[PDB]
$ cat start_25.pdb   # PDB, C-alpha atoms
ATOM      1  CA  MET A   1       0.573 -94.360  -4.953
ATOM      2  CA  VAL A   2       4.121 -93.092  -5.571
ATOM      3  CA  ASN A   3       6.534 -95.936  -5.970
ATOM      4  CA  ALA A   4       9.984 -94.463  -5.262
ATOM      5  CA  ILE A   5      13.508 -95.514  -4.454
ATOM      6  CA  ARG A   6      16.185 -94.020  -2.260
ATOM      7  CA  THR A   7      19.794 -93.575  -3.319
ATOM      8  CA  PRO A   8      22.109 -95.476  -0.944
ATOM      9  CA  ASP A   9      23.912 -92.968   1.295
ATOM     10  CA  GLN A  10      27.340 -94.479   0.497
ATOM     11  CA  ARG A  11      27.029 -92.820  -2.943
ATOM     12  CA  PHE A  12      27.567 -89.425  -1.268
ATOM     13  CA  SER A  13      30.590 -90.439   0.816
ATOM     14  CA  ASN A  14      33.303 -88.899  -1.399
ATOM     15  CA  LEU A  15      31.602 -85.682  -2.520
ATOM     16  CA  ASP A  16      33.875 -82.851  -3.576
ATOM     17  CA  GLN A  17      33.491 -79.595  -1.621
ATOM     18  CA  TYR A  18      30.088 -80.512  -0.165
ATOM     19  CA  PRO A  19      30.490 -80.462   3.666
ATOM     20  CA  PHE A  20      26.874 -79.389   4.210
ATOM     21  CA  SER A  21      24.953 -81.635   6.649
ATOM     22  CA  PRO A  22      21.727 -83.372   5.505
ATOM     23  CA  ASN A  23      18.260 -82.383   6.682
ATOM     24  CA  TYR A  24      15.158 -84.339   5.701
ATOM     25  CA  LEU A  25      11.416 -83.743   5.664
ATOM     26  CA  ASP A  26       9.318 -86.903   5.538
ATOM     27  CA  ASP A  27       5.673 -87.022   4.574
ATOM     28  CA  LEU A  28       5.133 -83.424   3.480
ATOM     29  CA  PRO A  29       1.454 -82.671   2.726
ATOM     30  CA  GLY A  30       0.686 -84.570  -0.476
ATOM     31  CA  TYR A  31       3.992 -86.467  -0.436
ATOM     32  CA  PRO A  32       3.428 -89.569   1.775
ATOM     33  CA  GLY A  33       6.362 -91.964   2.087
ATOM     34  CA  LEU A  34       8.634 -89.523   0.260
ATOM     35  CA  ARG A  35      11.683 -88.199   2.070
ATOM     36  CA  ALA A  36      12.992 -84.885   0.796
ATOM     37  CA  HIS A  37      16.537 -83.702   1.394
ATOM     38  CA  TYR A  38      17.534 -80.055   1.829
ATOM     39  CA  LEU A  39      20.415 -78.036   3.247
ATOM     40  CA  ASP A  40      19.940 -75.537   6.075
ATOM     41  CA  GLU A  41      23.121 -73.529   6.515
ATOM     42  CA  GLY A  42      23.981 -70.317   8.328
ATOM     43  CA  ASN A  43      22.124 -68.752  11.265
ATOM     44  CA  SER A  44      18.828 -70.628  11.712
ATOM     45  CA  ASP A  45      17.411 -67.545  13.437
ATOM     46  CA  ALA A  46      18.580 -65.264  10.601
ATOM     47  CA  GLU A  47      16.231 -62.614   9.293
ATOM     48  CA  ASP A  48      17.119 -63.253   5.641
ATOM     49  CA  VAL A  49      16.728 -66.652   4.000
ATOM     50  CA  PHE A  50      18.106 -67.609   0.584
ATOM     51  CA  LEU A  51      15.951 -70.261  -1.074
ATOM     52  CA  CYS A  52      18.249 -71.818  -3.690
ATOM     53  CA  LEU A  53      16.436 -73.962  -6.267
ATOM     54  CA  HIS A  54      18.340 -76.251  -8.670
ATOM     55  CA  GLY A  55      17.412 -77.509 -12.141
ATOM     56  CA  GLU A  56      17.911 -80.266 -14.689
ATOM     57  CA  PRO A  57      19.782 -82.564 -14.238
ATOM     58  CA  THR A  58      21.530 -81.368 -11.045
ATOM     59  CA  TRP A  59      20.882 -80.999  -7.278
ATOM     60  CA  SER A  60      21.790 -78.756  -4.293
ATOM     61  CA  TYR A  61      25.437 -79.646  -5.029
ATOM     62  CA  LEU A  62      25.093 -77.029  -7.797
ATOM     63  CA  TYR A  63      24.868 -74.255  -5.182
ATOM     64  CA  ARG A  64      27.929 -75.396  -3.190
ATOM     65  CA  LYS A  65      29.985 -72.315  -4.126
ATOM     66  CA  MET A  66      27.201 -69.821  -3.422
ATOM     67  CA  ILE A  67      26.015 -71.265  -0.098
ATOM     68  CA  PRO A  68      29.115 -70.223   1.914
ATOM     69  CA  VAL A  69      29.022 -66.666   0.566
ATOM     70  CA  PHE A  70      25.361 -66.301   1.568
ATOM     71  CA  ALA A  71      25.806 -67.830   5.027
ATOM     72  CA  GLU A  72      28.792 -65.526   5.719
ATOM     73  CA  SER A  73      26.642 -62.431   5.136
ATOM     74  CA  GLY A  74      24.580 -63.472   8.167
ATOM     75  CA  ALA A  75      21.735 -65.082   6.249
ATOM     76  CA  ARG A  76      20.187 -68.556   6.405
ATOM     77  CA  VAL A  77      20.373 -70.787   3.293
ATOM     78  CA  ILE A  78      17.852 -73.448   2.227
ATOM     79  CA  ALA A  79      18.797 -75.625  -0.765
ATOM     80  CA  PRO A  80      16.274 -78.451  -1.385
ATOM     81  CA  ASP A  81      16.637 -81.431  -3.705
ATOM     82  CA  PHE A  82      13.641 -82.041  -5.933
ATOM     83  CA  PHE A  83      12.115 -85.512  -5.741
ATOM     84  CA  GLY A  84      14.072 -87.584  -8.242
ATOM     85  CA  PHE A  85      17.318 -85.677  -7.600
ATOM     86  CA  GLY A  86      20.083 -85.285  -5.012
ATOM     87  CA  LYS A  87      19.442 -87.093  -1.750
ATOM     88  CA  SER A  88      15.641 -86.817  -1.947
ATOM     89  CA  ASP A  89      13.617 -89.901  -2.832
ATOM     90  CA  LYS A  90      13.154 -90.744  -6.504
ATOM     91  CA  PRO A  91       9.755 -91.813  -7.935
ATOM     92  CA  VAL A  92      10.347 -94.623 -10.474
ATOM     93  CA  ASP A  93       7.621 -93.555 -12.951
ATOM     94  CA  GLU A  94       7.965 -90.526 -15.258
ATOM     95  CA  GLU A  95       4.196 -90.058 -15.119
ATOM     96  CA  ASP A  96       4.470 -89.147 -11.440
ATOM     97  CA  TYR A  97       6.553 -86.076 -12.281
ATOM     98  CA  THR A  98       4.575 -83.017 -13.365
ATOM     99  CA  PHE A  99       4.821 -79.222 -13.123
ATOM    100  CA  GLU A 100       2.473 -79.202 -10.120
ATOM    101  CA  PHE A 101       4.111 -82.244  -8.533
ATOM    102  CA  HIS A 102       7.331 -80.240  -8.226
ATOM    103  CA  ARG A 103       5.619 -76.891  -7.612
ATOM    104  CA  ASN A 104       3.370 -78.079  -4.806
ATOM    105  CA  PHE A 105       6.435 -79.707  -3.223
ATOM    106  CA  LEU A 106       8.126 -76.313  -3.064
ATOM    107  CA  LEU A 107       5.032 -74.733  -1.504
ATOM    108  CA  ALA A 108       4.791 -77.502   1.111
ATOM    109  CA  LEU A 109       8.469 -77.015   1.932
ATOM    110  CA  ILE A 110       7.971 -73.264   2.387
ATOM    111  CA  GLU A 111       4.968 -73.702   4.696
ATOM    112  CA  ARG A 112       6.524 -76.558   6.677
ATOM    113  CA  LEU A 113       9.757 -74.653   7.343
ATOM    114  CA  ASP A 114       7.709 -71.429   7.633
ATOM    115  CA  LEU A 115      10.204 -69.480   5.520
ATOM    116  CA  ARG A 116       9.976 -65.672   5.452
ATOM    117  CA  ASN A 117      12.041 -62.746   4.145
ATOM    118  CA  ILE A 118      13.027 -65.027   1.255
ATOM    119  CA  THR A 119      15.545 -64.173  -1.435
ATOM    120  CA  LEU A 120      14.619 -66.546  -4.252
ATOM    121  CA  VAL A 121      17.705 -67.823  -6.125
ATOM    122  CA  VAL A 122      16.833 -69.664  -9.352
ATOM    123  CA  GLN A 123      18.114 -71.123 -12.626
ATOM    124  CA  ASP A 124      16.669 -73.477 -15.263
ATOM    125  CA  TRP A 125      13.846 -75.558 -13.722
ATOM    126  CA  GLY A 126      14.490 -73.944 -10.360
ATOM    127  CA  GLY A 127      13.324 -70.811 -12.151
ATOM    128  CA  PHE A 128      10.501 -72.319 -14.229
ATOM    129  CA  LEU A 129       9.028 -73.576 -10.959
ATOM    130  CA  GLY A 130      10.499 -71.020  -8.543
ATOM    131  CA  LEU A 131       9.283 -67.935 -10.407
ATOM    132  CA  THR A 132       5.682 -69.154  -9.901
ATOM    133  CA  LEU A 133       5.923 -69.386  -6.060
ATOM    134  CA  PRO A 134       5.744 -65.680  -4.966
ATOM    135  CA  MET A 135       2.193 -65.077  -6.285
ATOM    136  CA  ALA A 136       0.863 -67.899  -4.079
ATOM    137  CA  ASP A 137       2.228 -66.283  -0.888
ATOM    138  CA  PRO A 138       3.641 -62.774  -1.668
ATOM    139  CA  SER A 139       4.392 -61.578   1.892
ATOM    140  CA  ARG A 140       7.030 -64.346   2.251
ATOM    141  CA  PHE A 141       9.150 -63.165  -0.703
ATOM    142  CA  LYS A 142      11.498 -60.194  -0.436
ATOM    143  CA  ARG A 143      14.172 -60.490  -3.124
ATOM    144  CA  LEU A 144      15.106 -62.374  -6.300
ATOM    145  CA  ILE A 145      18.375 -63.540  -7.824
ATOM    146  CA  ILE A 146      17.696 -64.884 -11.313
ATOM    147  CA  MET A 147      20.171 -66.744 -13.506
ATOM    148  CA  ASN A 148      19.412 -68.317 -16.927
ATOM    149  CA  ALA A 149      15.702 -69.189 -16.685
ATOM    150  CA  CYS A 150      12.224 -68.055 -17.772
ATOM    151  CA  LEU A 151       8.554 -69.014 -17.619
ATOM    152  CA  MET A 152       7.008 -72.052 -19.296
ATOM    153  CA  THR A 153       4.046 -70.150 -20.805
ATOM    154  CA  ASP A 154       2.669 -70.769 -24.333
ATOM    155  CA  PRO A 155       4.421 -69.779 -27.651
ATOM    156  CA  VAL A 156       1.939 -67.010 -28.505
ATOM    157  CA  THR A 157       2.163 -65.221 -25.167
ATOM    158  CA  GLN A 158       5.980 -65.247 -25.090
ATOM    159  CA  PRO A 159       7.641 -66.625 -28.253
ATOM    160  CA  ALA A 160      11.113 -66.169 -26.746
ATOM    161  CA  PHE A 161      10.254 -68.766 -24.089
ATOM    162  CA  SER A 162       9.514 -71.414 -26.736
ATOM    163  CA  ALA A 163      11.792 -70.552 -29.643
ATOM    164  CA  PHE A 164      14.918 -71.952 -27.946
ATOM    165  CA  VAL A 165      13.232 -75.383 -27.856
ATOM    166  CA  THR A 166      13.725 -76.036 -31.610
ATOM    167  CA  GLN A 167      16.668 -73.731 -32.382
ATOM    168  CA  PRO A 168      19.613 -73.900 -32.309
ATOM    169  CA  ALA A 169      20.111 -77.624 -33.015
ATOM    170  CA  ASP A 170      23.063 -77.688 -30.600
ATOM    171  CA  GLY A 171      21.116 -75.850 -27.887
ATOM    172  CA  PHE A 172      18.129 -77.320 -26.059
ATOM    173  CA  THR A 173      17.588 -79.858 -28.853
ATOM    174  CA  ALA A 174      21.018 -81.325 -28.120
ATOM    175  CA  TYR A 175      20.585 -80.937 -24.333
ATOM    176  CA  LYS A 176      17.287 -82.844 -24.359
ATOM    177  CA  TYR A 177      18.646 -85.447 -26.798
ATOM    178  CA  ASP A 178      21.566 -86.297 -24.464
ATOM    179  CA  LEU A 179      19.156 -86.786 -21.566
ATOM    180  CA  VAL A 180      16.188 -88.712 -23.035
ATOM    181  CA  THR A 181      17.948 -91.023 -25.535
ATOM    182  CA  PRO A 182      20.808 -92.929 -23.796
ATOM    183  CA  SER A 183      19.686 -96.256 -22.380
ATOM    184  CA  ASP A 184      22.647 -95.841 -20.024
ATOM    185  CA  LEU A 185      22.613 -92.157 -19.052
ATOM    186  CA  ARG A 186      25.869 -90.907 -17.531
ATOM    187  CA  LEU A 187      25.306 -87.499 -15.916
ATOM    188  CA  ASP A 188      28.997 -87.044 -15.136
ATOM    189  CA  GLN A 189      29.711 -87.178 -18.882
ATOM    190  CA  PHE A 190      26.701 -84.979 -19.565
ATOM    191  CA  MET A 191      27.816 -82.263 -17.118
ATOM    192  CA  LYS A 192      31.413 -82.230 -18.393
ATOM    193  CA  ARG A 193      30.035 -81.401 -21.847
ATOM    194  CA  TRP A 194      27.465 -78.817 -20.724
ATOM    195  CA  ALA A 195      29.770 -77.363 -18.049
ATOM    196  CA  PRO A 196      33.297 -77.793 -19.555
ATOM    197  CA  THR A 197      35.001 -76.127 -16.565
ATOM    198  CA  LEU A 198      34.043 -78.876 -14.076
ATOM    199  CA  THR A 199      36.751 -81.117 -12.657
ATOM    200  CA  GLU A 200      36.529 -84.914 -12.800
ATOM    201  CA  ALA A 201      35.511 -84.956  -9.111
ATOM    202  CA  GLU A 202      32.803 -82.287  -9.431
ATOM    203  CA  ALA A 203      31.348 -84.123 -12.433
ATOM    204  CA  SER A 204      31.247 -87.346 -10.390
ATOM    205  CA  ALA A 205      29.028 -85.604  -7.845
ATOM    206  CA  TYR A 206      26.308 -85.137 -10.485
ATOM    207  CA  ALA A 207      26.305 -88.856 -11.262
ATOM    208  CA  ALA A 208      26.333 -89.774  -7.551
ATOM    209  CA  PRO A 209      22.532 -89.513  -7.028
ATOM    210  CA  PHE A 210      21.948 -92.141  -9.717
ATOM    211  CA  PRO A 211      23.342 -95.702  -9.268
ATOM    212  CA  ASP A 212      21.451 -96.815 -12.387
ATOM    213  CA  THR A 213      18.724 -95.840 -14.890
ATOM    214  CA  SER A 214      15.842 -96.754 -12.572
ATOM    215  CA  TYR A 215      16.863 -93.736 -10.441
ATOM    216  CA  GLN A 216      16.522 -91.370 -13.445
ATOM    217  CA  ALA A 217      12.771 -91.082 -14.169
ATOM    218  CA  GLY A 218      12.841 -87.493 -12.911
ATOM    219  CA  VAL A 219      15.889 -86.637 -14.999
ATOM    220  CA  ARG A 220      14.173 -88.013 -18.103
ATOM    221  CA  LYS A 221      10.881 -86.218 -17.494
ATOM    222  CA  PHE A 222      12.155 -82.644 -16.983
ATOM    223  CA  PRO A 223      13.348 -81.967 -20.571
ATOM    224  CA  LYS A 224      10.114 -83.521 -21.888
ATOM    225  CA  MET A 225       8.099 -81.070 -19.783
ATOM    226  CA  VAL A 226       9.879 -78.101 -21.402
ATOM    227  CA  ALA A 227       8.804 -79.272 -24.865
ATOM    228  CA  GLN A 228       5.299 -80.431 -23.874
ATOM    229  CA  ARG A 229       3.759 -77.977 -21.422
ATOM    230  CA  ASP A 230       0.456 -79.051 -19.847
ATOM    231  CA  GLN A 231      -2.435 -76.641 -19.316
ATOM    232  CA  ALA A 232      -1.730 -76.230 -15.602
ATOM    233  CA  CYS A 233       1.930 -75.296 -16.349
ATOM    234  CA  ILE A 234       0.857 -72.852 -19.052
ATOM    235  CA  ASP A 235      -1.769 -71.126 -16.892
ATOM    236  CA  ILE A 236       0.377 -70.990 -13.749
ATOM    237  CA  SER A 237       3.283 -69.618 -15.805
ATOM    238  CA  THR A 238       1.035 -66.999 -17.480
ATOM    239  CA  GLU A 239      -0.340 -65.816 -14.134
ATOM    240  CA  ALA A 240       3.277 -65.558 -12.956
ATOM    241  CA  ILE A 241       4.091 -63.004 -15.667
ATOM    242  CA  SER A 242       1.424 -60.586 -14.389
ATOM    243  CA  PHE A 243       2.874 -60.927 -10.869
ATOM    244  CA  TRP A 244       6.444 -60.050 -11.870
ATOM    245  CA  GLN A 245       5.115 -57.247 -14.086
ATOM    246  CA  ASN A 246       2.495 -55.603 -11.828
ATOM    247  CA  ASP A 247       2.739 -56.995  -8.293
ATOM    248  CA  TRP A 248       6.466 -57.466  -7.663
ATOM    249  CA  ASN A 249       8.215 -54.635  -5.824
ATOM    250  CA  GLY A 250      11.198 -56.425  -4.304
ATOM    251  CA  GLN A 251      14.943 -56.151  -4.972
ATOM    252  CA  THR A 252      16.066 -58.107  -8.036
ATOM    253  CA  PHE A 253      19.436 -59.179  -9.434
ATOM    254  CA  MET A 254      20.003 -60.873 -12.799
ATOM    255  CA  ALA A 255      23.094 -62.705 -14.071
ATOM    256  CA  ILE A 256      23.393 -64.160 -17.564
ATOM    257  CA  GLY A 257      25.681 -67.026 -18.520
ATOM    258  CA  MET A 258      26.569 -65.619 -21.953
ATOM    259  CA  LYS A 259      27.767 -68.963 -23.335
ATOM    260  CA  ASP A 260      24.438 -70.640 -22.625
ATOM    261  CA  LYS A 261      22.981 -72.037 -25.861
ATOM    262  CA  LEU A 262      19.611 -72.616 -24.157
ATOM    263  CA  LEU A 263      18.607 -69.669 -21.985
ATOM    264  CA  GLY A 264      21.056 -66.882 -22.768
ATOM    265  CA  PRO A 265      20.257 -63.269 -23.897
ATOM    266  CA  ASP A 266      17.461 -64.461 -26.238
ATOM    267  CA  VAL A 267      15.506 -65.543 -23.163
ATOM    268  CA  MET A 268      16.995 -63.382 -20.397
ATOM    269  CA  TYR A 269      16.442 -59.929 -21.892
ATOM    270  CA  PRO A 270      12.687 -60.480 -22.455
ATOM    271  CA  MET A 271      12.614 -61.852 -18.876
ATOM    272  CA  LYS A 272      14.297 -58.699 -17.491
ATOM    273  CA  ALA A 273      11.560 -56.564 -19.045
ATOM    274  CA  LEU A 274       8.821 -58.689 -17.473
ATOM    275  CA  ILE A 275      10.196 -58.359 -13.919
ATOM    276  CA  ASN A 276       9.297 -54.927 -12.538
ATOM    277  CA  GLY A 277      12.355 -53.095 -11.273
ATOM    278  CA  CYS A 278      14.816 -55.632 -12.655
ATOM    279  CA  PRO A 279      18.187 -53.833 -13.110
ATOM    280  CA  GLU A 280      20.665 -54.245 -15.962
ATOM    281  CA  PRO A 281      21.922 -57.864 -15.913
ATOM    282  CA  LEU A 282      25.398 -58.977 -14.921
ATOM    283  CA  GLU A 283      26.809 -60.586 -18.040
ATOM    284  CA  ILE A 284      29.110 -63.501 -17.328
ATOM    285  CA  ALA A 285      31.122 -64.007 -20.515
ATOM    286  CA  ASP A 286      32.570 -67.423 -19.660
ATOM    287  CA  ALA A 287      29.556 -68.882 -17.867
ATOM    288  CA  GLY A 288      27.422 -71.527 -19.536
ATOM    289  CA  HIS A 289      23.945 -72.842 -18.715
ATOM    290  CA  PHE A 290      25.095 -73.616 -15.196
ATOM    291  CA  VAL A 291      25.812 -70.062 -14.093
ATOM    292  CA  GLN A 292      26.164 -71.317 -10.503
ATOM    293  CA  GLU A 293      29.552 -72.829 -11.352
ATOM    294  CA  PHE A 294      30.582 -69.158 -11.502
ATOM    295  CA  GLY A 295      28.433 -68.583  -8.428
ATOM    296  CA  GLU A 296      30.860 -67.082  -5.922
ATOM    297  CA  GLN A 297      30.946 -63.939  -8.102
ATOM    298  CA  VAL A 298      27.159 -63.906  -8.605
ATOM    299  CA  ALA A 299      26.727 -64.394  -4.858
ATOM    300  CA  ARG A 300      29.054 -61.516  -3.945
ATOM    301  CA  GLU A 301      27.647 -59.071  -6.505
ATOM    302  CA  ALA A 302      24.031 -59.918  -5.573
ATOM    303  CA  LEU A 303      24.777 -59.156  -1.904
ATOM    304  CA  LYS A 304      26.577 -55.926  -2.822
ATOM    305  CA  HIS A 305      23.676 -54.867  -5.035
ATOM    306  CA  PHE A 306      21.119 -55.709  -2.341
ATOM    307  CA  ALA A 307      23.001 -53.754   0.345
ATOM    308  CA  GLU A 308      23.284 -50.575  -1.733
ATOM    309  CA  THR A 309      19.493 -50.652  -2.122
ATOM    310  CA  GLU A 310      18.641 -51.278   1.562
TER
END

$ encode --input "start_25.pdb" --output "structure tokens"
Amino acid sequence: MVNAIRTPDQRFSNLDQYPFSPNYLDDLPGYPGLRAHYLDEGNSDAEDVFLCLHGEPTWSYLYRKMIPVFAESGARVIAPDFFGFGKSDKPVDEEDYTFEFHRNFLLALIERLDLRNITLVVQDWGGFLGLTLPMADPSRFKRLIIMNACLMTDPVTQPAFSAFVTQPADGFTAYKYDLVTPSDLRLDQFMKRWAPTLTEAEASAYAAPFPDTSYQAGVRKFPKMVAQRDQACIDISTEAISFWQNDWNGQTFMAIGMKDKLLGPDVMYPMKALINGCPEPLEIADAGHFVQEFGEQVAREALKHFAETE
């Protein structure tokens, strides 16, 4: 029952621009023996809380440029590392990672920390999973900041959320290929390719959580879950659509990384239509899949947009 390993702390000693202190939650309901890492920045008694969820194959380090902007506005910021990523523990078997394994973890984190007045900030898997959280506990969610992401429903229901899987060849097909094929996966090399504006140091931070391949079962399972969606993922994702379309009435802000070959306009415009009240998206011409690397701007504009609608 959940064989996992922990990344030696020395691997995080020379992180670039990541002065955020570690917080851990051991033995969350349904996660015995697993220690989860998360950042808790800004006023801990703040009324507003920004839940920042990362994706594949990154960690909370991805939100490092957005965190300060949010904390400065007077809000609290929670940025958790999924099991298998960042400083959280990493199950050694790919079988242990599932849509509900990661989803239930997010729900347990929300209940444990008793988060309220939440502004959900998502991208990629943070969105696939994150966008399904509100419907399970609506009163806790207030706003949404969505960057390149969608819902993992079936091809018939939403063809746009499946089409990108097979085309273009240099889009998700290439992304997935780079992650599931190399016997010796080097995430610093991966991130420099998929986020060409990263410095050598920043790229090193993405490799930091993984001393060797045995620490990458979670990294290898995520892309596979996008291509092969189980029934639970499909149903949860389909129920999520109805929520964003008929139940959601909170403030929303969308930003599109225009150079994203995976989840750009093809996926983001159909998403905008599904989220009730979603305004015209902020198009970021230079941004890639990892919109957060251009996050200071997204952070500032999201706060400005939220204030004008208070």

$ resolve_selection --input "start_25.pdb" --expression "the PyMOL selection byres ((chain A and resi 214) around 9)" --output "ChimeraX atom specification"
/A:5,90,92-93,210-213,215-217

$ axis_aligned_box --input "start_25.pdb" --around "stretch 296-299 of chain A" --padding-each-side "3 Å" --output "lines of an AutoDock Vina configuration file"
center_x = 28.8
center_y = -65.5
center_z = -6.7
size_x = 10.2
size_y = 9.2
size_z = 9.7

$ atom_distance --input "start_25.pdb" --atom1 "atom CA of residue A:229" --atom2 "atom CA of residue A:79"
25.7 Å

$ residues_around --input "start_25.pdb" --residues "residue A:286" --least-positions-apart "5" --cutoff "10 Å" --atoms "only C-alpha atoms" --output "PyMOL selection string"
chain A and resi 197+256-260+291+294

$ closest_atom_pairs --input "start_25.pdb" --of "stretch 287-310 of chain A" --to "stretch 180-192 of chain A" --cutoff "12 Å" --atoms "only C-alpha atoms" --output "tab-separated table"
residue	atom	partner	partner_atom	distance
A:288	CA	A:191	CA	11.0
A:289	CA	A:191	CA	10.3
A:290	CA	A:191	CA	9.3
A:293	CA	A:191	CA	11.2

$ closest_residue --input "start_25.pdb" --among "A:113, A:71, A:307, A:107" --to "residue A:133" --atoms "all atoms listed in the file"
A:107

$ resolve_selection --input "start_25.pdb" --expression "the PyMOL selection byres ((chain A and resi 117-120) around 7)" --output "PyMOL selection string"
chain A and resi 47-52+115-116+121-122+140-145

$ closest_residue --input "start_25.pdb" --among "A:160, A:34, A:219, A:287" --to "residue A:179" --atoms "all atoms listed in the file"
A:219

$ atom_distance --input "start_25.pdb" --atom1 "atom CA of residue A:178" --atom2 "atom CA of residue A:64"
24.7 Å

$ closest_residue --input "start_25.pdb" --among "A:132, A:3, A:158, A:167" --to "residue A:32" --atoms "only C-alpha atoms"
A:3

$ resolve_selection --input "start_25.pdb" --expression "the PyMOL selection byres ((chain A and resi 6) around 8)" --output "PyMOL selection string"
chain A and resi 4-5+7-8+87-90

$ closest_residue --input "start_25.pdb" --among "A:246, A:309, A:292, A:60" --to "residue A:147" --atoms "only C-alpha atoms"
A:292

$ residues_near_point --input "start_25.pdb" --point "(22.6, -69.2, 4.1)" --cutoff "10 Å" --atoms "all atoms listed in the file" --output "ChimeraX atom specification"
/A:39-44,46,48-52,66-79

$ closest_residue --input "start_25.pdb" --among "A:63, A:99, A:38, A:105" --to "residue A:80" --atoms "all atoms listed in the file"
A:38

$ atom_distance --input "start_25.pdb" --atom1 "atom CA of residue A:139" --atom2 "atom CA of residue A:274"
20.1 Å

$ closest_atom_pairs --input "start_25.pdb" --of "stretch 202-302 of chain A" --to "stretch 174-177 of chain A" --cutoff "10 Å" --atoms "only C-alpha atoms" --output "Markdown table"
| residue | atom | partner | partner_atom | distance |
| --- | --- | --- | --- | --- |
| A:220 | CA | A:176 | CA | 8.7 |
| A:221 | CA | A:176 | CA | 10.0 |
| A:222 | CA | A:176 | CA | 9.0 |
| A:223 | CA | A:176 | CA | 5.5 |
| A:224 | CA | A:176 | CA | 7.6 |
| A:226 | CA | A:176 | CA | 9.3 |
| A:227 | CA | A:176 | CA | 9.2 |
| A:261 | CA | A:175 | CA | 9.3 |
| A:262 | CA | A:175 | CA | 8.4 |

$ closest_residue --input "start_25.pdb" --among "A:249, A:155, A:150, A:31" --to "residue A:271" --atoms "all atoms listed in the file"
A:150

$ residues_near_point --input "start_25.pdb" --point "(10.7, -86.0, -9.6)" --cutoff "8 Å" --atoms "all atoms listed in the file" --output "PDB file with C-alpha atoms, keeping the file's coordinate frame"
ATOM      1  CA  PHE A  82      13.641 -82.041  -5.933  1.00  0.00           C
ATOM      2  CA  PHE A  83      12.115 -85.512  -5.741  1.00  0.00           C
ATOM      3  CA  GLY A  84      14.072 -87.584  -8.242  1.00  0.00           C
ATOM      4  CA  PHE A  85      17.318 -85.677  -7.600  1.00  0.00           C
ATOM      5  CA  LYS A  90      13.154 -90.744  -6.504  1.00  0.00           C
ATOM      6  CA  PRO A  91       9.755 -91.813  -7.935  1.00  0.00           C
ATOM      7  CA  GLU A  94       7.965 -90.526 -15.258  1.00  0.00           C
ATOM      8  CA  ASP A  96       4.470 -89.147 -11.440  1.00  0.00           C
ATOM      9  CA  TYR A  97       6.553 -86.076 -12.281  1.00  0.00           C
ATOM     10  CA  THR A  98       4.575 -83.017 -13.365  1.00  0.00           C
ATOM     11  CA  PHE A 101       4.111 -82.244  -8.533  1.00  0.00           C
ATOM     12  CA  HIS A 102       7.331 -80.240  -8.226  1.00  0.00           C
ATOM     13  CA  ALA A 217      12.771 -91.082 -14.169  1.00  0.00           C
ATOM     14  CA  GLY A 218      12.841 -87.493 -12.911  1.00  0.00           C
ATOM     15  CA  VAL A 219      15.889 -86.637 -14.999  1.00  0.00           C
ATOM     16  CA  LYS A 221      10.881 -86.218 -17.494  1.00  0.00           C
TER      17      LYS A 221
END

$ residues_around --input "start_25.pdb" --residues "residue A:244" --least-positions-apart "3" --cutoff "7 Å" --atoms "only C-alpha atoms" --output "PyMOL selection string"
chain A and resi 240-241+247-248+274-276

$ residues_around --input "start_25.pdb" --residues "residue A:146" --least-positions-apart "3" --cutoff "8 Å" --atoms "only C-alpha atoms" --output "list in words"
residues 120, 121, 122, 123, 127, 149, 252, 253, 254 and 255 of chain A

$ write_last_selection --input "start_25.pdb" --atoms "C-alpha atoms" --output "compact mmCIF listing (two decimals), in the frame of the given file"
# COMPACT_ATOMS: atom_id res chain seq x y z
CA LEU A 120 14.62 -66.55 -4.25
CA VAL A 121 17.70 -67.82 -6.12
CA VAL A 122 16.83 -69.66 -9.35
CA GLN A 123 18.11 -71.12 -12.63
CA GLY A 127 13.32 -70.81 -12.15
CA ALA A 149 15.70 -69.19 -16.68
CA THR A 252 16.07 -58.11 -8.04
CA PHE A 253 19.44 -59.18 -9.43
CA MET A 254 20.00 -60.87 -12.80
CA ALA A 255 23.09 -62.70 -14.07
